[PDB]
Amino acid sequence: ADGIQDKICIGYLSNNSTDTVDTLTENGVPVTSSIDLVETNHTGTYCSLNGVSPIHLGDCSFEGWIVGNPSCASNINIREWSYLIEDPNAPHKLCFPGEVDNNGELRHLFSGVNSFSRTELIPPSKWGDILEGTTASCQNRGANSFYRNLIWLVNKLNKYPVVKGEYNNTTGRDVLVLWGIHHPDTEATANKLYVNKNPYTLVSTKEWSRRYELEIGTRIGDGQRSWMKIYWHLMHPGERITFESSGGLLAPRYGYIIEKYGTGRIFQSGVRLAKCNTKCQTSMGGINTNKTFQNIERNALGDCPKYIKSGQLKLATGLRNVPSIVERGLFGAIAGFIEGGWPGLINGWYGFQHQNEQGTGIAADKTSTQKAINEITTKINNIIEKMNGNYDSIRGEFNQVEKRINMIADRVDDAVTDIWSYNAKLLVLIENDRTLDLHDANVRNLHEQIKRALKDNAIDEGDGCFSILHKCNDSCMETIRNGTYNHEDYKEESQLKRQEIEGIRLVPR
Amino acid sequence: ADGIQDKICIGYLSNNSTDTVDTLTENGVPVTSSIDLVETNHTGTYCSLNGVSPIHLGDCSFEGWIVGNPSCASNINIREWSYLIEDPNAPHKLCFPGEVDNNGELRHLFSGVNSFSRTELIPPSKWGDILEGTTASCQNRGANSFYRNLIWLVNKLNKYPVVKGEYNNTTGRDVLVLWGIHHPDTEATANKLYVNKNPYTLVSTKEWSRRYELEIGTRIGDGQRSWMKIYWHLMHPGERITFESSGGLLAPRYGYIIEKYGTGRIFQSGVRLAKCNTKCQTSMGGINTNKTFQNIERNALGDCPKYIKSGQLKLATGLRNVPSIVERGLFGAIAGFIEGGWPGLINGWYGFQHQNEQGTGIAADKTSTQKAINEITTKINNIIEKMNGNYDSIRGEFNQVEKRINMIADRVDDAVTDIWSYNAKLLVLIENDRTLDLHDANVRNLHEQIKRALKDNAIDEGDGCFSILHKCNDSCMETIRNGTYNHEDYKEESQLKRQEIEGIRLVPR
Amino acid sequence: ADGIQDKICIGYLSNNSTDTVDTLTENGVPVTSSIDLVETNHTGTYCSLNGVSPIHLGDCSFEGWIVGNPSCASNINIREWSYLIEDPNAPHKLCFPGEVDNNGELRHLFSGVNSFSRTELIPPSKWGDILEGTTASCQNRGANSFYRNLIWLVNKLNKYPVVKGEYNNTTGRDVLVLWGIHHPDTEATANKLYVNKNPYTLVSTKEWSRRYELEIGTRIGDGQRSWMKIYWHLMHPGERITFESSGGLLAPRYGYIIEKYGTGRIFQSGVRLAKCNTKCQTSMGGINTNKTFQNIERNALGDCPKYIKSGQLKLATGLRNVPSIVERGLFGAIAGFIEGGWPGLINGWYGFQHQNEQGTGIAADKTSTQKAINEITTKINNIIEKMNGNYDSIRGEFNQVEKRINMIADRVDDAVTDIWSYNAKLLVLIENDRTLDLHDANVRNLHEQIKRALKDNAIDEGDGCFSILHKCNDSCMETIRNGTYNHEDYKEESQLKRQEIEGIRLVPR
Ligand SMILES: *[C@@H]1O[C@H](CO)[C@@H](O[C@@H]2O[C@H](CO)[C@@H](O)[C@H](O)[C@H]2NC(C)=O)[C@H](O)[C@H]1NC(C)=O
Ligand SMILES: *[C@@H]1O[C@H](CO)[C@@H](O[C@@H]2O[C@H](CO)[C@@H](O)[C@H](O)[C@H]2NC(C)=O)[C@H](O)[C@H]1NC(C)=O
Ligand SMILES: *[C@@H]1O[C@H](CO)[C@@H](O[C@@H]2O[C@H](CO)[C@@H](O)[C@H](O)[C@H]2NC(C)=O)[C@H](O)[C@H]1NC(C)=O
Ligand SMILES: *[C@@H]1O[C@H](CO)[C@@H](O)[C@H](O)[C@H]1NC(C)=O
Ligand SMILES: *[C@@H]1O[C@H](CO)[C@@H](O)[C@H](O)[C@H]1NC(C)=O
Ligand SMILES: *[C@@H]1O[C@H](CO)[C@@H](O)[C@H](O)[C@H]1NC(C)=O
């Protein structure tokens, strides 16, 4: 074949790429590397959350558990929980027919509590010459009993003196106090249990006072015609609460001393509780990741990636080194192998390819490729580390009659997810174009430094290569790659060669 | 005239620019085309919403309609609605002076409902040896009557036996049950209507229980001194509800089986209900658009563009082809005509203008321009189609005494709008710079490919044009345009011409 | 030193930088100037808010103030407030033991009130033949007294006739109406004060009706064993309210006409009230800035920068004029002085540096720099001026029992702040890359312009400079700078010089 000038090319060195990204302007762009911004894996189980175990309520509802239905696990030894797991259809709810007042708010406050201790508020003896009602509805191991937290005060010897009890919160923390009223199905039952005419109960702190009378009538709860209503109050430190009754009162025995609460979630049973720990629990499973987005489950609690409605989002890190870059004046070469291999993050080289009489080869330019790795590392770290806010669900606990406020809370969570989801999808598409164009600008900048060093000693072939107008052996090549080439040294030889080339004619003149 | 070299210019072809955009860095930039991102057109009427008609409550309030004020249109035949339209001063509210308990919640749940069916819960005969009170306050076809949904139980022959009724929700769906209590103005009226001393009403499900006694005294509603309180509960499947009364109960007759509810809005009357269908209904009119933003009305319901506080936002799609582009080394030509017309999205071509002895002309480069159309299309489709979230108002239904929560919910809607408003205004400005810059970059790329083809056979005039150093007739120009021109074919002629040009002296040596 | 050709260099003229910023891809980039996007300075005091004074409740709680505890300053003369400052341990609350119903809602609506006036609802005479109860718990002006806004109706001559009174809202505005019920500690006290058996109060509008009976028993408030409960209603124009009692009513005397309410905040005492005015009040102090973000305090009210969780964010405006730009083909010079000084926005100039046999000098290119100032100004103004939404806290007032809605509101506030926080941090990083890159493109364009004018009469040195192939005295330099230089003028000279330099040999041939 005809003789050819020695040649040096500046551009990309990499292997063949398989994995593509999308950019705002282009689809299915092959690049040498990328990262996934979205977490899709999870444990598929309920785990501890940041070292703190949840409580699985098993066969019991929250209400049954918190009031102390003796068919439920006692909470005498509980110290903390991160979240609760509850069976919507748990069999053991309130053992004796009744309801809990404001129980959506109570669920929300006990969804997680970081410091919890059950405490005896008032000893059973304080109420005086009374006895304690028990019921087959609320059995303890086959014996008739009652909620662990309350005392059903009833007549002794057919008398019911006025009873009184009080509790001062001296614990230095918040204390949950529970009490109730039993409403008889008949006047006969009321007369029998409580004796006194027009029984009343009066409960007060220095901030509020409530008075309760009996609401007589037949109800349709299972296993009883009468009915109980349960009430609660969270006392701040220094509060005082007093109870007085001539009949009806289900007296407070045990309360809960609680600190750092409302910090959990009531998740639904089904998914299994496993021995494991995660920094982000969702209803599908626990997530352990350094990714800042997840597309698994909107219902999430803890140190979480933001949920987004998205498929995977691949953030380009490497090079667009495909055959067609030549149409933009860029050079690239493909090679299964180099030496010291390819850099991890960008997979991985700006560099040179040469040809002279001694042969061919490729060589990386470490200094420029390092500035690129730094720029890419800086970009990725800024996108990731600046997302340092709070991204678990915006969510509350609500009961059956709180549909409006439940709906609006869930909508605001959805609206916040919509802003994040669009922003994430666009940032990635935009930044992918900017990263690919950044690699191009970098190699073009290297190409211009070479152009500048070669001056009139080389023809710019417009494809990222230079044809050198003198003999350029491996030592010459290495002076070009290492920035020490001096065009003066070869001026005589180069002007003679340029003259010779200028005179060649494809069709004879 | 003096001799001139044949010439080819690479750049923009288009007609005159009638369309200006703003960019992050410049105002009033003329471009050959853009698209509007914000919808400003609407029907000015209330329409069907994605195939589902609303209900115009006409001269009735929601309360009147829902309890069945006989002056209001029966809902016996209604099966569904997308939203409600209500006159805030409708004359027909509760016909007999009264109130509906928790009516904000009730409004919110009935704002729209996908499957609705009225149902007779309990036959009027079940209540026993009672009669039914009617009233001139509630006339039906001129006759004294009562709400369709309730039965005013009163004595028969100066007897009022205890009445009982119950309803088992066996429907597989949610059942709204309504009931009330009448509170006499005097003990005399209470004795006359209900007979029994201290009459009571007891209503209960297995989940809750309420007991109601009469609250006697004169009220100020129009046409009556007495007063009614209406109450409701939404039963889930399997629930059971019982009624018992010795006087005062306004007994349940008709309830409503409902599925997929709380999905609507209660819009205010004034704007007219037209025969039409839209995917997004606002209080101003229906919006039928593929735009993703609207600036018409914040109160919007359905598959909606997100409401933003903004003027129109023009996204540039076409070319910055103005005379001043030459200051940045770019060529452009303005033509009222080109064979085959201009492309739709960019309203302009990348391409060529030429001059030689045969004459002058312009020609589109189809390959480059097509690549641009793909890029702009992909860009637009991303910006638009990635916004597939839920952008109608974050809003609820609240009554007069629910001001705080209403205020808060509205502020959240507004803050969400403030996020999207800024994001939209800025994205457009930013993306317009990118788009106009991308077009430049694309024609600079063409110009460079030609530069590379012509090599030393053309002088780069720095204005987008090359002065060709040989005769280049139409055939030769087509080889340049179609990428087959071979500089070697004209090497002798081009060298001779260059030598001649270098020898010329404007001012004689 | 050897003879050198005359030279002109195109690029940046400025002083040493001393100012750094970060970009998405690089940290600590020295720039000639930047601006701070985040406000960090505040008054450290409570000020008037946009000309409207707050109210410092001093040693009274809001309840105590609004009901008119005589220990609290009278609000007879108040016309408005922008916000309230309250001691959470204020000693003067309700002077007689009691509670205010729905007091969190009340706090929220009175948090700031733009038009307020106290008004006499019902003259004391209306209630008929009763006397006014007073108490040492509520002393005023040396004597037992009672709340300013209420009258404790008690018997006269051991009779308590049924009292009645009404108020019609004909103010055209909303009117806050307060009433109460006294609950005796004993039957003996009830029979003594009110005489009648089973005393009742009936309070009704045309929209609702409430009946209150006495709740007898001993409470634990300081200084009294009985208890009062206080109620309110906000009447819209046209509303009518009626009161009737046979014992217990604390009758309404003064109410409040209000307009544009719910607009404030209840800040906590501590920070002192000062004679100042600002547009944005935070719990840390007043903020008077045109910046659109602040990192001072999340609890902020008014015309506010958005609170973000961020350090300072420095937006690049000036030039990246550092020695290493020459590696990217760019020229810059550093100088202390230039005729007329540096432009303030970018600090300072695109321009020229020359050298010939008359000496060396720099000169600004005013036309290209002004374009850059316009571009940056336009950028800044878009970023700032398009943030014209509402950015103070998403917040409400709640009482102690309203923990869940308070937590959820505060969470929404936080999640909105999290969006703006990430967005502001990224946007500054991204725009800084784009600003410095824009300045680079601008000077490269000026350089290309000069390149085009010099044509073959100059050697492009690839560092921003041109070696001119002829003598170019200062007049010649000036024709280059002002775009009148004509290469034809120096063609003969330049070709002779080029041919000379081509023949020179560093090592003799
Ligand atoms: C709860 O606290 C109160 C104080 O608020 C206690 O009542 C005081 O009891 C002391 C004697 O221990 C008396 O000297 C005071 O006169 C009482 N003060 C008041 C204001 O009533 C009460 O004993 C404490 N209750 C419990 C269960 O410990
Ligand atoms: C509502 O459901 C209850 C419970 O299924 C029905 O009461 C049952 O009625 C049958 C027929 O008389 C008796 O044999 C059962 O013993 C009853 N069960 C209970 C638990 O009482 C009741 O009839 C249903 N009511 C209506 C109106 O459908
Ligand atoms: C409040 O308004 C009511 C309703 O307008 C007034 O009651 C009317 O008083 C007029 C004038 O004396 C009578 O002729 C009407 O018959 C009344 N109508 C009704 C329905 O009551 C009442 O006087 C007003 N109250 C006050 C204190 O101004
Ligand atoms: C550059 O390469 C030449 C040839 O290998 C070598 O002799 C010289 O030391 C190198 N200079 C630098 C700075 O590495
Ligand atoms: C390009 O134009 C030349 C000159 O007219 C023509 O003969 C040739 O076939 C064309 N080639 C292509 C690839 O269109
Ligand atoms: C440019 O420079 C020349 C020489 O200094 C001067 O005479 C002339 O007026 C200038 N031209 C313009 C257009 O400013």
Side-chain angles (χ1 to χ4, degrees), chain B residues 298 308-310 407-408 410-423 425-426, chain C residues 35-56 79-85 108-116 259-267 271 273-310 312-313 315 380-397 409 412-414 416-417 419-421 423-424:
Chain B
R298 62 175 299 180
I308 54 174
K309 303 166 172 180
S310 189
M407 294 174 57
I408 292 183
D410 288 346
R411 175 63 196 282
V412 168
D413 179 63
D414 188 62
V416 169
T417 296
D418 282 347
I419 285 161
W420 286 102
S421 294
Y422 185 75
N423 286 16
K425 298 170 186 173
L426 275 267
Chain C
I35 60 170
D36 282 335
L37 289 189
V38 185
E39 188 50 72
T40 61
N41 290 325
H42 63 87
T43 64
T45 62
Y46 290 121
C47 303
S48 296
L49 182 64
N50 294 294
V52 182
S53 294
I55 297 172
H56 196 309
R79 314 254 85 96
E80 59 190 1
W81 58 90
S82 47
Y83 55 92
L84 299 173
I85 303 150
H108 183 93
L109 273 356
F110 277 81
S111 73
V113 175
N114 268 71
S115 168
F116 170 106
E259 187 163 36
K260 188 220 282 179
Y261 51 78
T263 74
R265 179 75 28 76
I266 306 185
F267 287 113
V271 166
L273 187 51
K275 202 190 169 206
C276 48
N277 187 227
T278 85
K279 10 204 232 92
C280 178
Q281 185 73 52
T282 77
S283 61
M284 297 242 197
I287 294 179
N288 246 177
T289 189
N290 286 128
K291 297 188 183 63
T292 55
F293 297 100
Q294 53 98 353
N295 69 353
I296 301 163
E297 173 50 59
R298 69 175 288 176
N299 181 9
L301 165 80
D303 188 2
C304 289
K306 180 77 199 69
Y307 176 71
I308 52 163
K309 300 166 184 178
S310 177
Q312 188 49 263
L313 301 165
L315 205 235
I380 284 182
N381 285 0
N382 275 323
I383 295 177
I384 285 177
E385 288 176 4
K386 272 38 179 187
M387 248 179 99
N388 63 165
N390 301 310
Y391 309 114
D392 71 3
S393 291
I394 298 180
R395 200 163 177 120
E397 306 296 330
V412 178
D413 186 66
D414 188 61
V416 169
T417 287
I419 289 165
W420 280 104
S421 294
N423 286 3

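Lettering follows sequence order; numbering is per chain, from 1. For the numbers below, each heavy atom of this structure counts, side chains included, while hydrogens, waters and symmetry mates do not.
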Can you tell if the side chain of [X] reaches within under 4.5 Å of the side chain of [Y], non-hydrogen atoms only?
{"X": "C/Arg395", "Y": "C/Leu301", "answer": "no"}
{"X": "C/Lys291", "Y": "C/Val38", "answer": "no"}
{"X": "C/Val271", "Y": "C/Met284", "answer": "no"}
{"X": "C/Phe267", "Y": "C/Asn299", "answer": "yes"}
{"X": "C/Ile287", "Y": "C/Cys304", "answer": "no"}
{"X": "C/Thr289", "Y": "C/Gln294", "answer": "no"}
{"X": "C/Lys260", "Y": "C/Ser115", "answer": "no"}
{"X": "C/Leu313", "Y": "C/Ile308", "answer": "yes"}

Give a yes or no on whether the backbone of [Y] and the side-chain of [X] come within a donor-acceptor separation of less than 3.5 Å.
{"X": "B/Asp418", "Y": "C/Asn390", "value": "yes"}
{"X": "B/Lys425", "Y": "C/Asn382", "value": "no"}
{"X": "B/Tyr422", "Y": "C/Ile383", "value": "yes"}
{"X": "C/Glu39", "Y": "C/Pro305", "value": "no"}
{"X": "C/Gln281", "Y": "C/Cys47", "value": "yes"}
{"X": "C/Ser393", "Y": "C/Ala300", "value": "yes"}

Would you give the length of the straight line joining atom [atom1] of [X] to atom [atom2] of [Y], rounded to the nearest 0.5 angstrom?
{"X": "B/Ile408", "Y": "C/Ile394", "atom1": "CD1", "atom2": "CD1", "answer": "9.5 Å"}
{"X": "C/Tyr307", "Y": "C/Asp392", "atom1": "OH", "atom2": "CG", "answer": "14.5 Å"}
{"X": "C/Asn290", "Y": "C/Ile384", "atom1": "CG", "atom2": "CD1", "answer": "8.0 Å"}
{"X": "B/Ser310", "Y": "C/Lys386", "atom1": "OG", "atom2": "NZ", "answer": "9.0 Å"}
{"X": "C/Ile85", "Y": "C/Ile55", "atom1": "CD1", "atom2": "CD1", "answer": "10.0 Å"}
{"X": "B/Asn423", "Y": "C/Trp420", "atom1": "CG", "atom2": "CH2", "answer": "6.5 Å"}

For this session: Could you check C/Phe110 against C/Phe116 for side-chain contact (heavy atoms from CB on, under 4.5 Å), going step by step and ending with a plain yes or no?
Result: CA-CA 10 Å; C/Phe110 277 81; C/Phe116 170 106; 4.0 Å; yes
Can you name the nearest heavy-atom pair linking [X] to [Y], along with the distance?
{"X": "B/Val412", "Y": "C/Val412", "value": "CG2-CG1, 3.6 Å"}
{"X": "C/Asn277", "Y": "C/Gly51", "value": "ND2-N, 2.8 Å"}
{"X": "C/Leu315", "Y": "C/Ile380", "value": "CD1-CG1, 4.1 Å"}
{"X": "C/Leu49", "Y": "C/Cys280", "value": "CD1-N, 3.6 Å"}
{"X": "B/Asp410", "Y": "B/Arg298", "value": "O-NH2, 3.0 Å"}
{"X": "B/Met407", "Y": "C/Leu109", "value": "SD-CD1, 4.2 Å"}

Exercise. Hey, are C/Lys306 and C/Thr417 close enough side-chain-wise for a donor-acceptor pair under 3.5 Å?
Worked result: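 Per modelled atom types, C/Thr417 and C/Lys306 side chains form a pair under 3.5 Å.
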Problem set entry | Donor on one side chain, acceptor on other, C/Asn50 and C/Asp303, under 3.5 Å |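 No, no side-chain donor-acceptor pair sits under 3.5 Å.
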For this session: Classify the angle between the aromatic ring planes of C/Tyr46 and C/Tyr83 as parallel (below 30°), tilted (30 to 60°) or perpendicular (above 60°).
Result: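 Ring orientation of C/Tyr46 relative to C/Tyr83: tilted.
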For this session: Apply side-chain contact (heavy atoms from CB on, under 4.5 Å) to the pair C/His42 and C/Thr278, showing each step before the final yes or no.
Result: CA-CA 9 Å; C/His42 63 87; C/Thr278 85; over 6 Å; no
For this session: For C/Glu297 and C/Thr282, run side-chain hydrogen bond (donor to acceptor under 3.5 Å, both in side chains): C-alpha distance rounded to whole Å, both residues' side-chain angles, the deciding distance at 0.1 Å, then the answer.
Result: CA-CA 6 Å; C/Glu297 173 50 59; C/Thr282 77; 5.7 Å; no
Exercise. Any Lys/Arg nitrogen of C/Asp413 or B/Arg411 sitting under 4.0 Å from an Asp/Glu carboxylate oxygen of the other?
Worked result: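 Salt bridge: no.
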